[PDB]
Amino acid sequence: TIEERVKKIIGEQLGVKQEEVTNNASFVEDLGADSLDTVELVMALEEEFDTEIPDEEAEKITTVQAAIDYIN
Amino acid sequence: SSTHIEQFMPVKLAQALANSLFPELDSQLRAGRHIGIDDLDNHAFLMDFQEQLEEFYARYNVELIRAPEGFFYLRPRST
Amino acid sequence: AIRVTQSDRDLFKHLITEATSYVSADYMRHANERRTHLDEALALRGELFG
Amino acid sequence: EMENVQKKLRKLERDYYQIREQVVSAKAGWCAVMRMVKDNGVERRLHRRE
């Protein structure tokens with residue numbers, strides 16, 4: 001499903017545990033993903049669901065909950 | 001040429017085994033004694049010919065070992 | 001005392017320097033390839049959007 | 001001219017897709033090394049920016 005495909009992408013693009021990645025887990029502070037890591041995370045999220053996102057609306061996404069919210 | 005020490009043994013190893021300190025040291029080492037910095041004679045001797053002694057004792061299937069603290073001792077192998 | 005310590009130091013230093021030279025080089029090679037392809041992708045992305 | 005330019009745009013689009021896939025594949029592999037180098041080996045010793 002989408003709400004777990006997001007976890008599939010996030011865990012394997014940041015290397016963090018599945019338990020760590022909750023809905024409210026922010027990438028930078030909780031998951032530790034920095035500038036380039038978050039860039040690669042958004043690219044992977046785009047690839048998984050074969051869609052595209054605007055630059056500003058994409059950069060607005062900075063959390064698992066926000067990630068799914070834009071994805072779903 | 002023939003009848004020449006180098007045919008059978010390295011010169012430095014023969015030089016070490018011919019030293020007057022060797023029998024004492026050998027005897028002791030075999031008995032399990034550790035050698036530290038205070039017994040100068042022995043220690044110095046060990047230092048001078050380390051690799052030859054190591055190579056020698058290797059014949060026996062035993063390692064002549066040097067701890068970081070500077071002390072020598074014997075560690076036997078399974079064989 | 002000197003004769004001991006000097007030796008010890010020589011071995012330490014040689015191993016350290018050669019091992020880091022051996023590993024860090026290829027680690028940076030990988031990091032640089034990844035950086036390069038990411039940069040190309042971002043330039044392509046920006047140009048496409050525009 | 002705009003229709004002709006939309007053809008260059010489509011070439012760039014296909015190129016961008018290819019590069020995107022390649023970058024993601026690189027990151028997937030590199031993650032394992034990152035989890036493995038958490039030993040404090042990476043901060044300065046391995047990541048020699050020079």
# chains A, B, ... in the order shown; residues from 1 in each chain; ligands from 1

$ residues_around --residues "range 6-9 of chain C" --least-positions-apart "4" --cutoff "12 Å" --atoms "only C-alpha atoms" --output "list in words"
residues 47, 66, 67, 68, 69 and 70 of chain B; 1, 2, 13, 14, 15 and 16 of chain C

$ residues_around --residues "range 51-66 of chain A" --least-positions-apart "5" --cutoff "6 Å" --atoms "only C-alpha atoms" --output "PyMOL selection string"
chain A and resi 23-27+46

$ write_last_selection --atoms "N, CA and C atoms" --output "PDB file, in the first residue's frame"
ATOM      1  N   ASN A  23       4.693   8.156  11.443  1.00  0.00           N
ATOM      2  CA  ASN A  23       4.036   9.151  10.606  1.00  0.00           C
ATOM      3  C   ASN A  23       4.620  10.539  10.835  1.00  0.00           C
ATOM      4  N   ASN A  24       4.891  10.891  12.088  1.00  0.00           N
ATOM      5  CA  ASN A  24       5.364  12.224  12.438  1.00  0.00           C
ATOM      6  C   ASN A  24       6.882  12.338  12.459  1.00  0.00           C
ATOM      7  N   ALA A  25       7.605  11.269  12.136  1.00  0.00           N
ATOM      8  CA  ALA A  25       9.063  11.291  12.172  1.00  0.00           C
ATOM      9  C   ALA A  25       9.591  12.212  11.079  1.00  0.00           C
ATOM     10  N   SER A  26      10.159  13.347  11.476  1.00  0.00           N
ATOM     11  CA  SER A  26      10.776  14.260  10.526  1.00  0.00           C
ATOM     12  C   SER A  26      12.095  13.683  10.025  1.00  0.00           C
ATOM     13  N   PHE A  27      12.417  13.966   8.762  1.00  0.00           N
ATOM     14  CA  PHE A  27      13.603  13.371   8.154  1.00  0.00           C
ATOM     15  C   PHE A  27      14.883  13.922   8.774  1.00  0.00           C
ATOM     16  N   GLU A  46       9.491  10.074  -5.840  1.00  0.00           N
ATOM     17  CA  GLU A  46       8.981  10.310  -7.185  1.00  0.00           C
ATOM     18  C   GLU A  46       9.034   9.036  -8.018  1.00  0.00           C
TER      19      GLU A  46
END

$ residues_around --residues "residue 53 in chain B" --least-positions-apart "3" --cutoff "12 Å" --atoms "only C-alpha atoms" --output "VMD selection string"
chain B and resid 10 12 to 17 22 25 to 26 29 45 to 50 56 to 60 62 to 66 72 to 74

$ write_last_selection --atoms "N, CA, C and O atoms" --output "CSV table (one decimal), in the first residue's frame"
chain,number,residue,atom,x,y,z
B,10,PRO,N,72.6,-18.4,8.2
B,10,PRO,CA,73.0,-17.0,8.1
B,10,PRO,C,74.0,-16.6,9.1
B,10,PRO,O,74.1,-17.2,10.2
B,12,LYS,N,74.5,-13.9,10.9
B,12,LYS,CA,74.1,-13.3,12.1
B,12,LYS,C,73.5,-14.3,13.1
B,12,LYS,O,73.7,-14.2,14.3
B,13,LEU,N,72.8,-15.3,12.6
B,13,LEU,CA,72.2,-16.3,13.4
B,13,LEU,C,73.4,-17.1,14.1
B,13,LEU,O,73.3,-17.4,15.3
B,14,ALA,N,74.4,-17.5,13.3
B,14,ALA,CA,75.5,-18.3,13.9
B,14,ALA,C,76.2,-17.4,14.9
B,14,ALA,O,76.6,-17.9,16.0
B,15,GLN,N,76.4,-16.1,14.6
B,15,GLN,CA,77.0,-15.2,15.6
B,15,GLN,C,76.2,-15.1,16.9
B,15,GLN,O,76.8,-15.1,17.9
B,16,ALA,N,74.9,-15.1,16.8
B,16,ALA,CA,74.1,-15.0,18.0
B,16,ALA,C,74.3,-16.3,18.8
B,16,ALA,O,74.5,-16.3,20.0
B,17,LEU,N,74.1,-17.5,18.1
B,17,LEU,CA,74.2,-18.8,18.9
B,17,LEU,C,75.5,-19.0,19.5
B,17,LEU,O,75.7,-19.7,20.5
B,22,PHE,N,73.9,-16.9,25.3
B,22,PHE,CA,72.8,-17.7,24.7
B,22,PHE,C,72.4,-18.9,25.6
B,22,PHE,O,71.2,-19.1,25.7
B,25,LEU,N,70.0,-17.9,28.5
B,25,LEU,CA,68.8,-17.3,28.0
B,25,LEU,C,67.9,-18.4,27.4
B,25,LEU,O,66.7,-18.4,27.6
B,26,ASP,N,68.4,-19.3,26.7
B,26,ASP,CA,67.7,-20.4,26.1
B,26,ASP,C,67.1,-21.2,27.1
B,26,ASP,O,65.9,-21.6,27.1
B,29,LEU,N,64.2,-19.3,28.9
B,29,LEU,CA,63.1,-19.1,27.9
B,29,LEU,C,62.3,-20.3,27.8
B,29,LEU,O,61.1,-20.2,27.9
B,45,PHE,N,70.6,-8.3,24.3
B,45,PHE,CA,70.9,-9.4,23.5
B,45,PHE,C,69.7,-9.8,22.6
B,45,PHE,O,69.8,-10.0,21.4
B,46,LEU,N,68.5,-9.9,23.2
B,46,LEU,CA,67.3,-10.2,22.5
B,46,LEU,C,67.0,-9.2,21.4
B,46,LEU,O,66.7,-9.5,20.3
B,47,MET,N,67.1,-7.9,21.7
B,47,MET,CA,66.9,-6.8,20.8
B,47,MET,C,67.8,-6.9,19.6
B,47,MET,O,67.4,-6.7,18.5
B,48,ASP,N,69.1,-7.2,19.9
B,48,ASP,CA,70.1,-7.2,18.8
B,48,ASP,C,69.8,-8.2,17.7
B,48,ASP,O,69.9,-7.9,16.5
B,49,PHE,N,69.4,-9.4,18.1
B,49,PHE,CA,69.2,-10.5,17.2
B,49,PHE,C,67.7,-11.0,17.1
B,49,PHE,O,67.5,-12.2,16.9
B,50,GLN,N,66.7,-10.2,17.3
B,50,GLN,CA,65.4,-10.6,17.4
B,50,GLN,C,64.9,-11.5,16.4
B,50,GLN,O,64.4,-12.6,16.6
B,56,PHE,N,64.7,-19.1,14.3
B,56,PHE,CA,65.3,-20.2,15.0
B,56,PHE,C,64.3,-21.0,15.7
B,56,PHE,O,64.0,-22.2,15.4
B,57,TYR,N,63.6,-20.4,16.7
B,57,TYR,CA,62.6,-21.0,17.5
B,57,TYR,C,61.4,-21.5,16.7
B,57,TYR,O,60.7,-22.4,17.1
B,58,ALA,N,61.2,-20.9,15.6
B,58,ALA,CA,60.1,-21.3,14.7
B,58,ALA,C,60.3,-22.8,14.3
B,58,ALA,O,59.3,-23.4,14.0
B,59,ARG,N,61.4,-23.3,14.2
B,59,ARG,CA,61.7,-24.7,14.0
B,59,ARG,C,61.0,-25.6,14.9
B,59,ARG,O,60.7,-26.8,14.5
B,60,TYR,N,60.8,-25.2,16.1
B,60,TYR,CA,60.2,-25.9,17.2
B,60,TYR,C,58.7,-25.8,17.2
B,60,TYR,O,58.0,-26.3,18.1
B,62,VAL,N,57.1,-22.9,17.9
B,62,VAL,CA,56.9,-21.9,18.9
B,62,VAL,C,57.2,-20.5,18.5
B,62,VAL,O,58.2,-20.3,17.8
B,63,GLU,N,56.5,-19.5,18.8
B,63,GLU,CA,56.6,-18.2,18.6
B,63,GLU,C,57.4,-17.5,19.7
B,63,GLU,O,56.9,-17.6,20.8
B,64,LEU,N,58.4,-16.8,19.4
B,64,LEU,CA,59.1,-15.9,20.2
B,64,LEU,C,58.4,-14.5,20.1
B,64,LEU,O,58.5,-13.9,19.0
B,65,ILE,N,57.7,-14.1,21.1
B,65,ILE,CA,56.9,-12.9,21.0
B,65,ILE,C,57.4,-11.8,21.9
B,65,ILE,O,58.0,-12.0,23.0
B,66,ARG,N,57.1,-10.6,21.4
B,66,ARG,CA,57.4,-9.3,21.9
B,66,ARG,C,56.2,-8.5,22.3
B,66,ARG,O,55.5,-8.0,21.3
B,72,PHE,N,59.7,-9.9,26.1
B,72,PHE,CA,59.8,-11.1,25.4
B,72,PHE,C,59.3,-12.3,26.1
B,72,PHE,O,59.4,-12.3,27.3
B,73,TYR,N,58.7,-13.3,25.4
B,73,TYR,CA,58.3,-14.5,25.9
B,73,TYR,C,58.0,-15.5,24.8
B,73,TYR,O,57.9,-15.1,23.6
B,74,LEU,N,57.8,-16.8,25.1
B,74,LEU,CA,57.6,-17.9,24.3
B,74,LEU,C,56.1,-18.3,24.3
B,74,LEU,O,55.6,-18.5,25.4

$ closest_residue --among "D:19, D:2, D:42, D:36" --to "chain C" --atoms "only C-alpha atoms"
D:19

$ interface_residues --of "chain D" --to "chain C" --cutoff "7 Å" --atoms "only C-alpha atoms" --output "ChimeraX atom specification"
/D:9,12-13,16,19-20,23,26,46-47

$ write_last_selection --atoms "C-alpha atoms" --output "CSV table (one decimal), in the first residue's frame"
chain,number,residue,atom,x,y,z
D,9,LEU,CA,12.3,19.2,-24.2
D,12,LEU,CA,15.9,16.2,-22.1
D,13,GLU,CA,13.0,14.5,-20.4
D,16,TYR,CA,16.5,13.0,-17.1
D,19,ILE,CA,19.7,9.7,-14.9
D,20,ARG,CA,17.1,9.6,-12.1
D,23,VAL,CA,21.1,8.0,-9.1
D,26,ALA,CA,23.5,4.3,-6.5
D,46,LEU,CA,37.7,8.3,6.0
D,47,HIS,CA,36.0,11.5,4.7

$ closest_atom_pairs --of "chain D" --to "chain A" --cutoff "8 Å" --atoms "only C-alpha atoms" --output "JSON lines"
{"residue": "D:20", "atom": "CA", "partner": "A:43", "partner_atom": "CA", "distance": 7.2}
{"residue": "D:21", "atom": "CA", "partner": "A:47", "partner_atom": "CA", "distance": 7.5}
{"residue": "D:23", "atom": "CA", "partner": "A:40", "partner_atom": "CA", "distance": 7.9}
{"residue": "D:24", "atom": "CA", "partner": "A:44", "partner_atom": "CA", "distance": 6.1}
{"residue": "D:27", "atom": "CA", "partner": "A:13", "partner_atom": "CA", "distance": 6.8}
{"residue": "D:28", "atom": "CA", "partner": "A:13", "partner_atom": "CA", "distance": 6.0}
{"residue": "D:31", "atom": "CA", "partner": "A:15", "partner_atom": "CA", "distance": 5.7}
{"residue": "D:32", "atom": "CA", "partner": "A:15", "partner_atom": "CA", "distance": 7.3}
{"residue": "D:34", "atom": "CA", "partner": "A:15", "partner_atom": "CA", "distance": 7.9}
{"residue": "D:35", "atom": "CA", "partner": "A:15", "partner_atom": "CA", "distance": 6.8}

$ write_last_selection --atoms "N, CA, C and O atoms" --output "PDB file, in the first residue's frame"
ATOM      1  N   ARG D  20      17.773   9.827 -13.379  1.00  0.00           N
ATOM      2  CA  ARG D  20      17.063   9.644 -12.119  1.00  0.00           C
ATOM      3  C   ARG D  20      17.180   8.211 -11.625  1.00  0.00           C
ATOM      4  O   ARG D  20      17.547   7.955 -10.460  1.00  0.00           O
ATOM      5  N   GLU D  21      16.887   7.256 -12.504  1.00  0.00           N
ATOM      6  CA  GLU D  21      16.969   5.863 -12.087  1.00  0.00           C
ATOM      7  C   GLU D  21      18.380   5.513 -11.631  1.00  0.00           C
ATOM      8  O   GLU D  21      18.567   4.858 -10.588  1.00  0.00           O
ATOM      9  N   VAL D  23      20.753   7.408 -10.363  1.00  0.00           N
ATOM     10  CA  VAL D  23      21.105   8.016  -9.081  1.00  0.00           C
ATOM     11  C   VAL D  23      20.473   7.239  -7.933  1.00  0.00           C
ATOM     12  O   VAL D  23      21.127   6.943  -6.916  1.00  0.00           O
ATOM     13  N   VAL D  24      19.188   6.906  -8.066  1.00  0.00           N
ATOM     14  CA  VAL D  24      18.526   6.198  -6.972  1.00  0.00           C
ATOM     15  C   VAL D  24      19.211   4.860  -6.726  1.00  0.00           C
ATOM     16  O   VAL D  24      19.427   4.447  -5.571  1.00  0.00           O
ATOM     17  N   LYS D  27      22.315   5.308  -4.610  1.00  0.00           N
ATOM     18  CA  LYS D  27      22.055   5.563  -3.195  1.00  0.00           C
ATOM     19  C   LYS D  27      21.693   4.286  -2.453  1.00  0.00           C
ATOM     20  O   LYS D  27      22.118   4.074  -1.300  1.00  0.00           O
ATOM     21  N   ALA D  28      20.882   3.434  -3.083  1.00  0.00           N
ATOM     22  CA  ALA D  28      20.440   2.223  -2.399  1.00  0.00           C
ATOM     23  C   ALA D  28      21.629   1.401  -1.914  1.00  0.00           C
ATOM     24  O   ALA D  28      21.648   0.936  -0.768  1.00  0.00           O
ATOM     25  N   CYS D  31      23.818   3.098   1.049  1.00  0.00           N
ATOM     26  CA  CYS D  31      23.238   3.086   2.395  1.00  0.00           C
ATOM     27  C   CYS D  31      23.904   2.060   3.317  1.00  0.00           C
ATOM     28  O   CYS D  31      24.089   2.318   4.517  1.00  0.00           O
ATOM     29  N   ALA D  32      24.213   0.870   2.796  1.00  0.00           N
ATOM     30  CA  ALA D  32      24.787  -0.175   3.640  1.00  0.00           C
ATOM     31  C   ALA D  32      26.115   0.272   4.227  1.00  0.00           C
ATOM     32  O   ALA D  32      26.376   0.093   5.423  1.00  0.00           O
ATOM     33  N   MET D  34      26.976   3.280   4.786  1.00  0.00           N
ATOM     34  CA  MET D  34      26.745   4.290   5.821  1.00  0.00           C
ATOM     35  C   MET D  34      26.371   3.653   7.150  1.00  0.00           C
ATOM     36  O   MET D  34      26.899   4.039   8.200  1.00  0.00           O
ATOM     37  N   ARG D  35      25.471   2.677   7.132  1.00  0.00           N
ATOM     38  CA  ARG D  35      25.141   2.018   8.391  1.00  0.00           C
ATOM     39  C   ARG D  35      26.352   1.295   8.973  1.00  0.00           C
ATOM     40  O   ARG D  35      26.484   1.198  10.197  1.00  0.00           O
TER      41      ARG D  35
END

$ atom_distance --atom1 "CA of residue 19 in chain A" --atom2 "CA of residue 41 in chain D"
25.6 Å

$ atom_distance --atom1 "CA of residue 45 in chain D" --atom2 "CA of residue 22 in chain C"
12.0 Å

$ atom_distance --atom1 "CA of residue 52 in chain B" --atom2 "CA of residue 11 in chain B"
9.9 Å

$ select_by_dssp --residues "chain D" --states "helix (DSSP H, G or I)" --output "PyMOL selection string"
chain D and resi 2-36+42-46

$ select_by_dssp --residues "chain B" --states "strand (DSSP E)" --output "list in words"
residues 62, 63, 64, 65, 66, 72, 73, 74, 75 and 76 of chain B

$ decode --residues "chain D" --atoms "C-alpha atoms" --output "PDB file, in the first residue's frame"
ATOM      1  CA  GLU D   1       9.740  27.060 -33.067  1.00  0.00           C
ATOM      2  CA  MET D   2       7.877  26.131 -29.830  1.00  0.00           C
ATOM      3  CA  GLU D   3       6.874  22.699 -31.295  1.00  0.00           C
ATOM      4  CA  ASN D   4      10.528  22.155 -32.376  1.00  0.00           C
ATOM      5  CA  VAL D   5      11.667  23.199 -28.837  1.00  0.00           C
ATOM      6  CA  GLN D   6       9.071  20.793 -27.270  1.00  0.00           C
ATOM      7  CA  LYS D   7      11.027  18.082 -29.135  1.00  0.00           C
ATOM      8  CA  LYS D   8      14.301  19.051 -27.419  1.00  0.00           C
ATOM      9  CA  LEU D   9      12.344  19.204 -24.163  1.00  0.00           C
ATOM     10  CA  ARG D  10      11.210  15.610 -24.684  1.00  0.00           C
ATOM     11  CA  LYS D  11      14.811  14.521 -25.388  1.00  0.00           C
ATOM     12  CA  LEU D  12      15.892  16.171 -22.137  1.00  0.00           C
ATOM     13  CA  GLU D  13      12.966  14.490 -20.367  1.00  0.00           C
ATOM     14  CA  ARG D  14      14.042  11.002 -21.439  1.00  0.00           C
ATOM     15  CA  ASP D  15      17.648  11.756 -20.465  1.00  0.00           C
ATOM     16  CA  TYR D  16      16.459  13.027 -17.075  1.00  0.00           C
ATOM     17  CA  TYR D  17      14.457   9.847 -16.428  1.00  0.00           C
ATOM     18  CA  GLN D  18      17.497   7.683 -17.151  1.00  0.00           C
ATOM     19  CA  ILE D  19      19.720   9.744 -14.854  1.00  0.00           C
ATOM     20  CA  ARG D  20      17.063   9.644 -12.119  1.00  0.00           C
ATOM     21  CA  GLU D  21      16.969   5.863 -12.087  1.00  0.00           C
ATOM     22  CA  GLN D  22      20.760   5.613 -12.023  1.00  0.00           C
ATOM     23  CA  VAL D  23      21.105   8.016  -9.081  1.00  0.00           C
ATOM     24  CA  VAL D  24      18.526   6.198  -6.972  1.00  0.00           C
ATOM     25  CA  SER D  25      20.219   2.865  -7.632  1.00  0.00           C
ATOM     26  CA  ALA D  26      23.550   4.289  -6.455  1.00  0.00           C
ATOM     27  CA  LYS D  27      22.055   5.563  -3.195  1.00  0.00           C
ATOM     28  CA  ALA D  28      20.440   2.223  -2.399  1.00  0.00           C
ATOM     29  CA  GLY D  29      23.819   0.480  -2.357  1.00  0.00           C
ATOM     30  CA  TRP D  30      25.659   3.279  -0.558  1.00  0.00           C
ATOM     31  CA  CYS D  31      23.238   3.086   2.395  1.00  0.00           C
ATOM     32  CA  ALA D  32      24.787  -0.175   3.640  1.00  0.00           C
ATOM     33  CA  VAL D  33      28.234   1.384   3.900  1.00  0.00           C
ATOM     34  CA  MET D  34      26.745   4.290   5.821  1.00  0.00           C
ATOM     35  CA  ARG D  35      25.141   2.018   8.391  1.00  0.00           C
ATOM     36  CA  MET D  36      28.412   0.056   8.584  1.00  0.00           C
ATOM     37  CA  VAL D  37      30.692   3.084   9.115  1.00  0.00           C
ATOM     38  CA  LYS D  38      28.826   4.374  12.207  1.00  0.00           C
ATOM     39  CA  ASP D  39      31.865   3.318  14.273  1.00  0.00           C
ATOM     40  CA  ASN D  40      33.155   6.873  14.174  1.00  0.00           C
ATOM     41  CA  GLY D  41      35.350   5.960  11.285  1.00  0.00           C
ATOM     42  CA  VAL D  42      33.834   8.309   8.806  1.00  0.00           C
ATOM     43  CA  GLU D  43      33.665  11.706  10.491  1.00  0.00           C
ATOM     44  CA  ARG D  44      37.247  12.733   9.718  1.00  0.00           C
ATOM     45  CA  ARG D  45      39.476   9.765   9.033  1.00  0.00           C
ATOM     46  CA  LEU D  46      37.658   8.347   6.045  1.00  0.00           C
ATOM     47  CA  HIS D  47      35.980  11.521   4.714  1.00  0.00           C
ATOM     48  CA  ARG D  48      39.112  13.487   3.833  1.00  0.00           C
ATOM     49  CA  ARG D  49      37.548  16.381   1.934  1.00  0.00           C
ATOM     50  CA  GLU D  50      41.017  17.329   0.665  1.00  0.00           C
TER      51      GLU D  50
END
